[PDB]
Protein chains: 4
Amino acid sequence: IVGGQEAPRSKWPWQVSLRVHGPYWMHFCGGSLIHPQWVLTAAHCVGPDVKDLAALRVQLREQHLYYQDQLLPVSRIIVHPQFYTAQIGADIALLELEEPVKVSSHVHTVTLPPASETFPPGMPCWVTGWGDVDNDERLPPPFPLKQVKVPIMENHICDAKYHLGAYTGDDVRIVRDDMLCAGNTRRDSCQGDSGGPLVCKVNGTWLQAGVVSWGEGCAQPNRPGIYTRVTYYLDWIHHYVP
Amino acid sequence: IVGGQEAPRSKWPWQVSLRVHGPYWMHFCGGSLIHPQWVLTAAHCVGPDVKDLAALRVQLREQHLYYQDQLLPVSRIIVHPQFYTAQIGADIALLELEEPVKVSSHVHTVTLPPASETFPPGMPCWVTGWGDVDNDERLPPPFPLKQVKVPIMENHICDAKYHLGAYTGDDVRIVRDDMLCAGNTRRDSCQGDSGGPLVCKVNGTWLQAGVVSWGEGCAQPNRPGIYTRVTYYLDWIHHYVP
Amino acid sequence: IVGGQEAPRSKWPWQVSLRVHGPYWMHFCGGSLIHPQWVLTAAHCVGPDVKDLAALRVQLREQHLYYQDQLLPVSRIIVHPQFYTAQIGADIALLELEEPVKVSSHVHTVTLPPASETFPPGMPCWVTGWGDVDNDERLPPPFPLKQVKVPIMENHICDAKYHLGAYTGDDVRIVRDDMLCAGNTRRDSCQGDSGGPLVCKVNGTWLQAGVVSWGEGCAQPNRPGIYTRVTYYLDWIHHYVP
Amino acid sequence: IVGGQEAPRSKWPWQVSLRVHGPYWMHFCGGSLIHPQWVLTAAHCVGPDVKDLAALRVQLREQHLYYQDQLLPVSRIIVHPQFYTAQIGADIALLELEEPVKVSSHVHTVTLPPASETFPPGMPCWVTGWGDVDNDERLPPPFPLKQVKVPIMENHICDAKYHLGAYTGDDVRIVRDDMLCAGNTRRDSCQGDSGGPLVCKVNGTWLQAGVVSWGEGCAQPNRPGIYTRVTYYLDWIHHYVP
Ligand SMILES: CCCOc1sc(C(=O)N2[C@@H]3CC[C@H]2C[C@H](c2cc(CN)ccc2F)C3)c(C)c1Br
Ligand SMILES: CCCOc1sc(C(=O)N2[C@@H]3CC[C@H]2C[C@H](c2cc(CN)ccc2F)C3)c(C)c1Br
Ligand SMILES: CCCOc1sc(C(=O)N2[C@@H]3CC[C@H]2C[C@H](c2cc(CN)ccc2F)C3)c(C)c1Br
Ligand SMILES: CCCOc1sc(C(=O)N2[C@@H]3CC[C@H]2C[C@H](c2cc(CN)ccc2F)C3)c(C)c1Br
């Protein structure tokens, strides 16, 4: 997370840490609890190549990474069949927990938005995670959960910004329809925040608008953060998630 | 170049080295001389981001990289407008030299194939460059120009190989129509060979089948090297080069 | 710390973490609280070149590094005048805290050994710190305070052991009189433990026998860990410490 | 080599490159031909630990490293018995070639100085090698043999300069009598030049004043380059070299 601050303990109960087995259970990606037995993440975190379920663990809401570790095993890894790279699209994945979680006030699910829900500029939106604080600058220990309020940019305006300083033809789409744009040179998501949630307060309720996907660096000029549009993959999510 | 050996001095007169200004004029990509004043390379070498022409030089055929440097300036960089990433496609670019080179027996152009030209499966072809010898294994000094014989893998067969051990749906194409496959676990192109030529001897004439583009690692199981199909972009090439 | 285990919360109340200002207050060396206002460390940690007082902080006993931080400023950095390198000797330094610490059962001082105290082999001795777990293998998060029981080796035996597979003449002393030897191929101190204490239980009382100084790698054959002999610099310590 | 320029082909015929086996015969240290069958170098290059003769090769004067390789085998490695560390001193070693070198105008021996020569400040002295061009800045390809005119400093002044900005006592010797000082913030030897020669023109004859040994970084304020004083070890060299 570029800019912003450390998140208070009561905020973002849905935020999860994805862990890989090595010298320790290392955080590689973020995620969000969308159902007591289901975690929503980015496909690039757990794909496109087949991963070993034994080498993966899910860590629920934690104020400081690695401190209060209570790792949960994964039953199923479901990656969108249209996924290959974050730039092509379909950067969405589902993780089925071995057993459903005990929902508390400190740890509970995030509400998915309706199919017709469009997130326009000016809407209060926040992105969370334990990712890099800047380009090539990792989150320092004790690795606190960071939060940043990001401004939403319209897809066509964001696509136009991505063409500035690029050879890519103006008619050639960089920011696709299954993507969402948010952030600026001071506020953005980064490497390590991938798979994590982008929540927006719509009529007094928090709705996950996006999934941290990609971008040309972090908080760089004319390069806002790109997220997988949750509304676009609602039919695919509901096929596995009740 | 993975496998093979040091190329003899008389072989591959079209092979060029692309140089970027830093502590020294360092090799970042390969290429091929297609016209005395034009160089064919991969778009990812010089894009999608707009490059500074003063910070770029072209080095003609050299037995040992950096030894007899005769750096040539560039007047134009023409990156295909459909290019953004090597996986999406259109990984092709043209470099116009400031002055046309004096064509000789040691340094001369490569013949481009006709519009209908097909490269059969199992056909022996050659890939050249000063790239890495293996995954995370740089070409050791005095950096000789390397060559390797690579077998052609048909597009549908190669696409199926990329789906082996991947979540990506069988109906979702990884190896695209504007792409070409070549190599195995012992013979392949690698990081640094990008932009370089893939040559096939057809009826006693060397034709450039592909431009080194991408691949999931170098000489990895079920992951052959991906090349930009020259035949697919002949009209775009002929629009700029006479 | 090579080998051993995570130290219990009730053990080593004198253990100190030395912090340097950078992207965060990074641990660079260990230390021991010898007086409520004085910290004993290695000279190579804070020298031989003059350090900025404002860029240094002292962290008292932590079960997990960086998690429960309460950084203390330093008022004086006293490095032994005979110090240049750890191999030459006099690898000892004192850090005066700006204010004295409120002593408790969990955080208290270590007793310095008497002037004529020798530490022969077989004695129950432990070395503590948050250093590397092996050669080029960092202590993984949540960075637990580690301990290891290390066997003491006689100075002349350890000195002759350092000459094994070395061109250095047998008459040329490697392990000097101001040094102490401890550890083996399974039990040792490493990079990051430097400045930390080597404590021995003598007559039911814990005495600081040494200060982590140097060694040819960590837990390598015929290369035990080298410590600064505390008894040798007792007069120098007592000149500043009450 | 920090500062200066690329050496002309006719200059420094005694300069040699020391090679170690791995992915290629990599340069690790410099040296000098003092006798047709003997090479003078620094002890830290080949010690204090015993090295395998088969993994070591000697390369005679080369304008560009690796380009015209004619690797020569070594029969004996003689490291000074007083050596352990460059800072302690005796950083001198002799390498006996398997066969004597066929001496020519391009490749010949350097004259050792008489015992009486102290090399005072103001002598025209040069240091040569293929080492780093600055701190953490490696010599760029085609790796040309570099040279730099370095100002000689008197031992007591160089020792006092090393105490500036250091805790080390003014009466505690840093620069020993078996050492020689040369260089400034623009002209110095660096990592990779170690073992190489420091030559001074005395009575129209090039005499090797020193062997590149150590220093606190390269071209750093009040930290000139430290060389092993050849005259000090003249008796030791003559015990092996005819
Ligand atoms: C022109 C190439 C467009 O495709 C991109 S952007 C891009 C990039 O710059 N990235 C850095 C590091 C990996 C990749 C995506 C990273 C990233 C950016 C964001 C948005 N700031 C969020 C999460 C995240 F992981 C930032 C890469 C590697 C590729 Br391929
Ligand atoms: C699932 C991701 C598919 O897209 C790929 S493959 C891929 C990869 O493994 N590469 C390594 C290093 C960069 C990228 C392409 C590299 C490469 C392979 C080849 C084929 N052996 C030729 C040239 C070349 F530069 C080999 C990357 C970074 C990305 Br994004
Ligand atoms: C010529 C060998 C003697 O001088 C030495 S040993 C030595 C070494 O191998 N070290 C590694 C990394 C730095 C230095 C000291 C390190 C070390 C070893 C120990 C004992 N295992 C304790 C603390 C500690 F920092 C282990 C170095 C850099 C030097 Br100079
Ligand atoms: C205060 C510690 C004194 O002893 C030194 S100086 C010193 C240092 O800064 N060095 C850099 C890298 C290794 C070591 C010696 C290096 C060096 C300097 C020079 C002179 N500029 C020539 C050759 C050479 F290898 C420059 C080290 C590692 C040690 Br241990």
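Residues numbered from 1 in each chain as written, not as in the entry; some residues may be left out. Chains lettered and ligands numbered in written order. Heavy atoms only, no water.

You'll find chain A entered in the PDB entry as TPSB2 protein, with Homo sapiens given as the organism.

Draft legend 1. Up close: the site of ligand 4. Around ligand 4 sit 16 residues, and of these D:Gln87, D:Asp188, D:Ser189, D:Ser194 and D:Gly217 come closest. The environment of ligand 4 is shared, with nearby residues belonging to chains C and D. Between D:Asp188 and ligand 4, the recorded distance is 3.0 Å, taken from a side-chain N or O atom to a nitrogen atom. Between ligand 4 and D:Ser189 there is a distance of 2.8 Å, counted from a nitrogen atom to a backbone nitrogen or oxygen. For the shell around ligand 4, the class distribution of residues is six nonpolar, eight polar and two charged. (Near = heavy atom within 4 Å. Polar contact = N/O pair within 3.5 Å; in protein donor to acceptor, adjacent residues only side chain to side chain. Nonpolar A, V, L, I, M, F, W, Y, C, P; charged D, E, K, R; others polar.)

Draft legend 2. Expanded view of the site of ligand 3. Near ligand 3, the surroundings consist of 16 residues, among which C:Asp188, C:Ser189, C:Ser194, C:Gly217 and D:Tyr84 are the closest. Around ligand 3 the close residues trace back to chains C and D. Between C:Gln87 and ligand 3, the recorded distance is 3.4 Å, taken from a side-chain N or O atom to an oxygen atom. C:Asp188 places a side-chain nitrogen or oxygen 2.8 Å from a nitrogen atom of ligand 3. Considered on its own, ligand 3 offers 660 Å² of accessible surface; in the complex 70% of this is hidden by protein. The residue inventory of the shell around ligand 3, partitioned by class, reads six nonpolar, eight polar and two charged. (Areas by Shrake-Rupley, 256 points an atom, 1.4 Å probe, with all protein chains shown as cover.)

Draft legend 3. Summary view of the packing of aromatic side chains. As enumerated under the stated definition, the model contains 41 aromatic pairs over all chains in all. Between A:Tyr66 and A:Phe143, the ring centres sit 5.5 Å apart and the planes meet at 85°, which makes this aromatic pair edge-to-face. Of this pair, A:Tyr66 sits in the loop between β5 (56-59) and β6 (72-79) while A:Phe143 sits in the loop between β8 (125-129) and β9 (146-149), and the two are 77 residues apart along the sequence. Taken individually, A:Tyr66 and A:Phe143 each receive the classification buried, so the pair is uniform in this respect. Ring centres of D:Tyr24 and D:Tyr66 lie 5.4 Å apart, and the angle between their planes is 75°; on these two criteria the pair is classed as edge-to-face. Linking D:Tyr24 in the loop between β2 (15-20) and β3 (26-35) with D:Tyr66 in the loop between β5 (56-59) and β6 (72-79), this pair joins segments that are 42 residues apart in sequence. For the residue pair D:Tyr24 and D:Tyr66, the accessibility class agrees, reading buried in each case. One aromatic cluster is present, built from ring pairs that chain together A:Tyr24, A:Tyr66, A:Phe143, C:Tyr24, C:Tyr66 and C:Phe143. (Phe/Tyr/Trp six-rings, centres within 6.5 Å; stacked < 30°, edge-to-face > 60°. Helix = DSSP H or I, 4+ residues; strand = E, 2+ residues; numbered from the N terminus. Buried < 20%, exposed > 50% of the residue type's maximum accessible area, 1.4 Å probe, protein only.)

Draft legend 4. A look at the interface of chain C and chain D. At the interface, 27 residues of chain C touch 27 residues of chain D. Of the roughly 2100 Å² buried where chain C meets chain D, counting both sides, 55% is carbon and sulfur surface. When the buried area of chain C at its contact with chain D is split by residue, C:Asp49, C:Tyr84 and C:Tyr167 rank highest and sum to 35% of it. Inspection of the chain C/chain D interface yields two salt bridges. When the shortest N-O distance is used, the salt bridge between D:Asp49 and C:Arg223 registers 2.9 Å. Put simply, chain C and chain D have 14 residue pairs in polar contact between them. (Contact = heavy atoms within 4.5 Å. Buried area = accessible area lost by both parts, 1.4 Å probe. Salt bridge = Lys/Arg side-chain N within 4 Å of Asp/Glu carboxyl O.)

Draft legend 5. View of the pattern of salt bridges. All told, the structure shown has 23 salt bridges over all chains when counted by the stated rule. A:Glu216 is the salt-bridge partner of A:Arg223, the closest N and O atoms lying 3.0 Å from each other. Its relative accessible area of 9% is what places A:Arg223 among the buried residues. In this structure, D:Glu62 engages D:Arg19 in a salt bridge whose closest nitrogen and oxygen atoms are separated by 3.1 Å. Here the residue D:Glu62 occupies a position in the loop between β5 and β6, and D:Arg19 occupies one in strand β2, the gap between them amounting to 43 residues. The exposure classification of D:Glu62 matches that of D:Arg19, with both residues buried. Through salt bridges with shared partners, one network takes in A:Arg19, A:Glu62 and A:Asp69.

Draft legend 6. How the structure looks around the domain arrangement of chain A. All names here are of chain A. By the assigned domains, chain A splits into domain 1 (1-12 + 110-231) and domain 2 (13-109 + 232-242). On a C-alpha basis, the centroid separation for the pair domain 1 and domain 2 is 18 Å. In this assembly, 41 residues from domain 1 lie in contact with 39 residues from domain 2. For the pair domain 1 and domain 2, the two sides together bury roughly 3200 Å², of which 58% comes from carbon and sulfur. Going through the elements one at a time, β8, β12 (197-202), β13 (205-214) and β14 (225-229) are the ones with two or more residues in the side of domain 1 that touches domain 2. By residue number, the principal contributor to the side of domain 1 that touches domain 2 is β13, which donates six residues. For the side of domain 1 that touches domain 2, the residue count by class is 21 nonpolar, 12 polar and eight charged. (Domains from an automatic or database assignment.)

Draft legend 7. Seen up close, the pairing of β3(D). All names here are of chain D. Taken across its 10 residues, β3 has seven buried, putting it largely inside the fold. Sheet analysis places β2 next to β3, joined by six bridges and oriented antiparallel. If you follow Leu18 over to β3, its bridge partner there is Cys29. What sits between β2 and β3 in their antiparallel hairpin is a turn of five residues. The sheet contact formed by β3 and strand β4 (residues 38-41) spans three bridges and is antiparallel. Across the sheet, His35 pairs through a bridge with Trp38, a residue of β4. Turn length for the β3-β4 hairpin, with the two strands adjacent in sequence and antiparallel, is two residues. (Pairing = 2+ DSSP bridges.)

Draft legend 8. Focus on the arrangement of the chains. With no contact between them, chain B and chain C keep their nearest C-alpha atoms 19 Å apart. In this structure chain A stays clear of chain D, and the shortest span between their C-alpha atoms is 19 Å.

Draft legend 9. Structural view of helix α1 (residues 155-163) of chain A. All names here are of chain A. Restricting attention to buried positions, one finds in α1 the residues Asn155, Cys158, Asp159, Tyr162 and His163. An end-on view of α1 places all buried positions within 145° of arc, on one side of the element. Of the residues flanking the end of α1, it is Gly165, one or two places downstream, whose phi is positive at about 80°. (Arc of directions from axis to C-beta.)

Draft legend 10. Main features of the sheet that holds strand β10 (residues 152-153) of chain C. All names here are of chain C. With antiparallel pairing, eight strands are arranged side by side in an open sheet as β1-β9-β8-β12-β13-β14-β11-β10. Strands at the two margins of the open sheet, each flanked by one partner only, are β1 (5-6) and β10. Bridge analysis of strand β12 (residues 197-202) against strand β13 (residues 205-214) gives six bridges, and the strand direction is antiparallel. Paired with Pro197 across the two strands is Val211, which belongs to β13.

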